[PDB]
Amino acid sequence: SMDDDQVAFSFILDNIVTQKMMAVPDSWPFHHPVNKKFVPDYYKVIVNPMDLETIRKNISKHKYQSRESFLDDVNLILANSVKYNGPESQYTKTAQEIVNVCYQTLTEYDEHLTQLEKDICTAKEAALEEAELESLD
């Protein structure tokens, strides 16, 4: 089923987040959205915030249908640290390690993720066509 495939795709991604990315030492700065009361200027500087809790929420909503779309948000965590903290900040070195262990684990699971991604896309295109042929009956 496409639902079955979406669940498996999302579970693989969630496991990368919880078992690999969140396990990077000293990764606490990236586990949750920045609290505006704690860092009042954060949202004046960072226009497109992202963090590992938000990624997990997006996974639970099946937002990510591709490896690329998942990695778009993973990379925002790193890019926002470069912007807010600087490219040589220890915060950014930590974010870089989060991104790198993500890549490493996506590589490990690329065959299964690619197959799920393709089959989800095929199924979605077929359901779209059938929905459209139906609406015109």
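Heads up, when I say rigid core I mean the largest set of C-alphas that superpose within 1.5 Å between the two forms. Residue positions are given as counts along the sequence shown, with the first one as 1.
When the other structures are laid on the shown form by the core, the C-alphas of 102 to 110 and 32 to 40 differ in how far they drift in 8 other deposited structures of this protein; the larger average drift belongs to 32 to 40. Farther from the shown form on average, by C-alpha root mean square after a core fit in 8 other deposited structures of this protein, is 114 to 122, of the stretches 114 to 122 and 15 to 23.
For the segment pair 36 to 44 and 78 to 86, the entry gives 36 to 44 the higher mean B-factor, averaged over Cα atoms. In this entry, 57 to 65 shows the higher mean Cα temperature factor of the pair 24 to 32 and 57 to 65.
Ranked by C-alpha B-factor against the other modelled residues of its chain, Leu113 falls in the middle third.
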